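Q: Experimental structure and sequence below, a few questions after.
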Amino acid sequence: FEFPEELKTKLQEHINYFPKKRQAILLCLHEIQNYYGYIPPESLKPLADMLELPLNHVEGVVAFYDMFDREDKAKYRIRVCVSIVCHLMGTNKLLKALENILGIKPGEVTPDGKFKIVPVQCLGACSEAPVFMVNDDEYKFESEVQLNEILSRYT
Amino acid sequence: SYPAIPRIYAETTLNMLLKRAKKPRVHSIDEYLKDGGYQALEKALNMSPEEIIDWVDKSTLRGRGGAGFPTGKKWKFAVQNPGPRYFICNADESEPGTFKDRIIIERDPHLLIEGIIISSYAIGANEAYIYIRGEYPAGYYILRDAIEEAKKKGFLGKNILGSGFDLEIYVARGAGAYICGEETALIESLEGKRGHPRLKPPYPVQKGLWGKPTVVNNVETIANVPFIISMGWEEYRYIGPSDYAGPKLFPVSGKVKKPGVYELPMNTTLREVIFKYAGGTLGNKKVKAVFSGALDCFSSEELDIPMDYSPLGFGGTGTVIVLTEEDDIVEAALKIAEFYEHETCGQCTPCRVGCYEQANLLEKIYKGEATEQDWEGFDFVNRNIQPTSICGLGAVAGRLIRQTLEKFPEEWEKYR
Ligand SMILES: NC(=O)c1ccc[n+]([C@@H]2O[C@H](COP(=O)([O-])OP(=O)(O)OC[C@H]3O[C@@H](n4cnc5c(N)ncnc54)[C@H](O)[C@@H]3O)[C@@H](O)[C@H]2O)c1
Ligand SMILES: Cc1cc2nc3c(=O)[nH]c(=O)nc-3n(C[C@H](O)[C@H](O)[C@H](O)COP(=O)(O)O)c2cc1C
Ligand code: SF4
Ligand code: FES
Ligand SMILES: [Cl-]
Ligand SMILES: [Cl-]
Ligand code: NA
C-alpha cells in the first residue's frame, strides 16, 4: 500500500510540525480518516515507517482513540451526543428524525456509504442541546424539517 | 472559513474574559490589538519571570480546570527545578455540561495566546503546547490561524520584541479520550502514546513532558494571566471576594430559560446563577437538582451556596446542569454512569470493572430487569470504583451517583 502524493505531503507536514516525529501520530490519523472516510488497516504500516514507530505502537494508538474508525467507510460522520444534557433536551427526538430521513440507527451506515451515525459522549455545546456534528460541522437539532435542510448540504 | 459552531449564548457582568468572546465570532489580531491586546505581553517582557510569578501568586488565581490549585505556586514549584521546561495549555474540556473553554478559544484566541506567551516567559519555557480535544476542529483551525497572526506581528518565534525570549506554540489534537484531559494522560498523548495516566507524585512540575519540569494549566486559568499583568495583581484582586478573586466562567445548561456561559464574580450564589442570570427555569418548574458536571449533585435545598472554591462552595469548574421536578434522577444517574463506563482507560482494575459494572447494573435497574443481587451489587460497585486508582477519574466515578442515592432516596426506591 502507498499513500497518494496529496496525502503524503500533508502527513510529512504534520511529521515536520512538532519537534519529535512521533508527536504527529494523532494529526496524521485525523488526516488519513478525513481523506479515506475511515482508517484503512493497510495504512498503518506505511504510517508507522514515516513516524519511525513500530506497527504495534500505531495499532494500539488507533484502538485507544475512539474518534478513529477501522471498520466502516463513511463520507459523512453524524456524531450524536448521547450524554446527560442532550439526553434531557432531546437526543431521542434527534435520533428518531435521523432514522426518518436516512433510514439508519446509531452505528449504521447508509447503503450508499454516505452517512454513518456515531453515538458520542458530551461534545461541549450543552447549552445548544441536543447536539450533533456532521464531520467537522456542529449544530443544535431543532426539528426534523430543520435537520433535513442541514443534511441536504452534504452531497 | 471555519467549520460550523453552534452560537452559544454568552453574558458578562465584568467585561473581562468575555469582553470580546460575548460576541459569537472570531476576533482576529487587528481587533484584539485595537482593545490594547498584546500590551500586557510587552509589559511582562520588561519584567523578570520571577516578578510575573509573584504577581500571579498574589492575584490569588487558582486553577480553573477543576482542582483549584494556586497557579503562582504551581509555577514556583516548576522553576525550582532545572530546565528545559515546558508549558501546556489544557484545552481538552469534554466533561458533561462544560463548554466554557471553547468560547475563549473560538472567539478570542489571542487572549489565550497572550496568556500562554506570558506564562511560558514566567516559567522559562521556550516550547508551549495547546492540547485541544479532537471534537473541537473549528477551535483547532482558529488557534492555528491566530498563532500565525501572532508570529507575523513578532509575538512568537525567536527573540520576541528584542527581549531575548524564544517561544513556539504547538497545537495538538486529541482523538476521543476524555482521560486525555487528566494532565499526565495529556502528556502521554503529546508524546505520541495512548492516554494512560501516570502516578502522581511526581507532579508534572517535577517530571512532565519528556520527564522535564512541565506546567499544565487550563484555558480559563491562562486567559486570566493578561488581566493580572495589565491591571496589576491588586486591582485584579478587587474583582469578586478577596479570598476567591477574579472573573469566572459558568457554563449553564439543562432546564433554564437562557442556557449559555456567564462571566460573574465567585461570590454569586447558585440560586443567582439560575434565577438572576440564566432567567430561571423552563416553564417556571421547580429546581429538583443541579449536576456540577459529572462530579457533584446539589439538591434544591443547597441553592444558596457561593460559586467559589471554598469547602461549602460549588467548586469544580462552575458547571451548572439544571434538572427540574419532572426529570427522572435515576435516568439522569444512568447517563453519568454511561459516561464513566465509556471513559475509563482501564489501567486500574476497580476503575476498569467498576465503571463498566456501575453502568451495566444501573441500566438493569432503570429497565426494571435487575434482580435483588443486581441491586446490592450496584450499591457495592458504586462504593468500590476508587480503590488502587492512579488518577482522579476512578476517585470520582461513583461520587455524583452516590449523592443522588443519599439526596433522592424516595425516587431510587420507586425502581425497586
Ligand atoms: N475540567 C474537566 O474536564 C474536569 C474533568 C474531570 C474532573 N475535573 C476536576 O479535576 C480535579 C482532579 O484533577 P487532578 O487530578 O489534576 O487534581 P490534583 O489535585 O491532583 O492537582 C491539580 C493541579 O495542581 C497540581 N498539583 C497538585 N498538588 C501538587 C503538588 N503537591 N505539587 C505540585 N503541583 C501540584 C497538579 O499537578 C495539577 O496541575 C477534580 O477535583 C475535578 O473537579 C475536571
Ligand atoms: C479525568 C480527568 C479529566 C480532566 N480533564 C481536564 C480538562 O479537560 N481540562 C483541564 O484543564 N483540566 C482537566 N483535568 C484536571 C487536570 O488534570 C489539571 O488539574 C489541570 O489541567 C491543571 O490546570 P489548572 O491548575 O489551571 O486547573 C482533568 C482531571 C481528571 C482527573
Ligand atoms: S483511575 Fe481509571 S481512568 Fe484513572 S488511570 Fe486508573 S483506570 Fe485509567
Ligand atoms: S451533553 Fe451533549 S453537548 Fe454536552
Ligand atoms: Cl515493527
Ligand atoms: Cl462593550
Ligand atoms: Na481528548
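A: Great, that's in hand. Residues are numbered from 1 along each chain as shown, chains lettered A, B, ... in the order given. Ligands and ions are numbered 1, 2, ... in the order given.
Q: in the biggest helix by length in chain B, what's buried?
A: Using DSSP state H, we find that the single longest helix of chain B is helix B:349-366. Residues of helix B:349-366 classed as buried: B:350-352, B:354-366 (neighbour count, 16 or more other CB atoms under 10 Å in any protein chain shown). C-beta here means a position set from N, CA and C on the backbone, and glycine is covered the same way.
Q: so who does residue B:62 touch?
A: Neighbouring residues of residue B:62 by CB atoms under 8 Å, 6 or more residues apart in numbering or on different chains: B:68-71, B:221, B:244, B:309.
Q: State the distance from residue B:329 to residue A:91.
A: 18 Å (CB to CB, to the nearest Å).
Q: related to what we said a few turns ago, looking at the contacts of residue B:62, which is nearest ligand 2?
A: For these, the minimum distance to ligand 2 (CB to the nearest ligand atom) is 3.2 Å, reached by residue B:221.
Q: Dihedrals phi and psi, the nearest residue to the closest one once chain neighbours are set aside?
A: Spatially, and ignoring its direct neighbours in sequence, residue B:221 is nearest to residue B:64 (4.5 Å; CB to CB, 6 or more residues apart in numbering or on different chains). Phi and psi for residue B:64, reported as degrees, to the nearest 10, are phi -100, psi 10.
Q: ditto for residue A:109
A: The phi/psi pair for residue A:109 (degrees, to the nearest 10) is phi -120, psi 140.
Q: From residue A:118, how far out is it?
A: As for residue A:109, its distance to residue A:118 is 10 Å (criterion: CB to CB).
Q: now do residue B:278
A: Residue B:278 is 31 Å from residue A:118, by CB to CB.
Q: So for those two, which residue has more residues nearby?
A: Neighbour count, other CB atoms under 10 Å in any protein chain shown: between residue B:278 and residue A:118, residue B:278 has more, with 25 against 20.
Q: Please name the nearest non-neighbouring residue to that one.
A: Ranked by CB to CB, 6+ apart and with sequence neighbours excluded, the top spatial neighbour of residue B:278 is residue B:256, at 4.1 Å.
Q: For that neighbour, grab the count of nearby residues.
A: 23.
Q: Identify the residues contacting the closest residue to residue B:255 other than its chain neighbours.
A: The shortest distance from residue B:255 to any non-neighbouring residue, by CB to CB, 6+ apart, is to residue B:324 (4.2 Å). Neighbour list for residue B:324: B:254-255, B:281-283, B:285-288 [criterion: CB under 8 Å, 6+ apart].
Q: now residue B:302
A: B:270, B:290.
Q: picking up where we left off before, specify which member of the contacts of residue B:62 is nearest to ligand 7.
A: residue B:221 (18.2 Å; CB to the ion).
Q: How is chain B divided into domains?
A: B:1-60, B:61-238, B:239-327, B:328-416 (curated CATH domains).
Q: out of these, deepest packed?
A: domain B:61-238 (a mean of 22; mean count of other CB atoms under 10 Å in any protein chain shown).
Q: Does residue A:90 touch residue A:132 like I think?
A: No - with contact defined as CB atoms under 8 Å, residue A:90 does not reach residue A:132; the gap is 10.9 Å.
Q: Need the overlap of contacts for these two.
A: Here residue A:90 and residue A:132 share the contacting residues residue A:141, scored by CB under 8 Å, 6+ apart.
Q: Please state the backbone phi and psi of residue B:313?
A: Taking degrees, to the nearest 10 as the convention, residue B:313 sits at phi -80, psi 170.
Q: Closest one to residue B:395 out of the contacts of residue B:324, please.
A: residue B:254 (25.0 Å; CB to CB).
Q: Pull the contacting residues for the nearest residue to that closest one once chain neighbours are set aside.
A: Take residue B:254 and drop its neighbours on the chain: the residue closest to it by CB to CB, 6+ apart is residue B:322, 3.8 Å away. Listed by CB under 8 Å, 6+ apart, the contact set of residue B:322 reads B:252-256, B:274, B:278, B:281, B:287, B:290.
Q: Also residue B:379?
A: residue B:405.
Q: How is residue B:252 assigned, secondary-structure-wise?
A: strand (DSSP: H, G, I helix; E, B strand; the rest coil).
Q: partner residues bridging it?
A: residue B:260, residue B:320 (DSSP bridges).
Q: In contact with it, which residues?
A: With CB under 8 Å, 6+ apart, residue B:252 has these contacts: A:127, B:258-262, B:273-274, B:277-278, B:320, B:322.
Q: Residue A:8 falls within a helix, correct?
A: Yes - per three-state DSSP, residue A:8 lies within a helix segment.
Q: Domain ranges for chain A, per the record?
A: A:1-72, A:73-155.
Q: just those: most buried one?
A: In terms of average neighbour count - mean count of other CB under 10 Å - the standout among these is domain A:73-155, at a mean of 19.
Q: helices or strands up against the helix or strand hosting residue B:223?
A: Under the criterion of DSSP states H and E, residue B:223 resides in helix B:219-231. In this structure, helix B:219-231 makes packing contacts with helix B:39-45, helix B:49-59, strand B:85-91, helix B:100-107, helix B:109-123, helix B:233-237, strand B:247-254, judged by 3 or more CB pairs under 8 Å, 6 or more residues apart in numbering or on different chains; DSSP states H and E.
Q: Off-centre distance for the first one?
A: What that stands for is helix B:39-45. Helix B:39-45 has its C-alpha centroid displaced from the chain centroid by 26 Å (CA atoms, centre = their mean, to the nearest Å).
Q: do stretch B:337-357 as well
A: With CA atoms, centre = their mean, you get 21 Å for stretch B:337-357.
Q: Please apply the same query to stretch B:262-276.
A: Worked out by CA atoms, centre = their mean, stretch B:262-276 lies 18 Å from the chain centre.
Q: same thing with stretch B:169-186?
A: With CA atoms, centre = their mean, you get 13 Å for stretch B:169-186.
Q: hang on, residue B:131 in a strand?
A: Yes - according to three-state DSSP, residue B:131 belongs to a strand.
Q: quick one, what contacts whichever residue of the stretch 251-400 of chain B sits closest to ligand 4?
A: Closest contact between the stretch 251-400 of chain B and ligand 4, by CB to the nearest ligand atom, is at residue B:253 (7.1 Å). If you count contacts by CB under 8 Å, 6+ apart, residue B:253 has them with A:85, A:126-127, A:129, B:97, B:99, B:259, B:320-322.
Q: Summarise which helices and strands the strand or helix carrying residue A:118 is packed against.
A: In the assignment (DSSP H and E), residue A:118 maps to strand A:115-120. Under the contact definition 3+ CB pairs under 8 Å, 6+ apart, strand A:115-120 sits against strand A:76-81, helix A:91-102.
Q: give the contact list for residue A:80.
A: A:91, A:94-95, A:98, A:106, A:117-120, A:130, A:132.
Q: An error on my part: the question was meant for residue A:39.
A: A:29, A:32-33, A:62, A:68-70.
Q: In JSON lines, list those along with distance to ligand 4 and secondary structure.
A: Shown next, in JSON lines, are these (distance: CB to the nearest ligand atom, whole Å; DSSP: H, G, I helix; E, B strand; the rest coil):
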{"residue": "A:29", "distance to ligand 4": "23", "secondary structure": "helix"}
{"residue": "A:32", "distance to ligand 4": "26", "secondary structure": "helix"}
{"residue": "A:33", "distance to ligand 4": "21", "secondary structure": "helix"}
{"residue": "A:62", "distance to ligand 4": "25", "secondary structure": "helix"}
{"residue": "A:68", "distance to ligand 4": "21", "secondary structure": "coil"}
{"residue": "A:69", "distance to ligand 4": "20", "secondary structure": "coil"}
{"residue": "A:70", "distance to ligand 4": "25", "secondary structure": "coil"}
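Q: what does chain B have sitting close to ligand 1?
A: For chain B, the residues found near ligand 1 under the criterion CB under 6 Å from any ligand atom are B:63, B:65-67, B:69, B:74, B:77, B:93-95, B:98, B:181, B:183, B:200, B:203-205, B:216, B:295, B:316-317, B:391-392.
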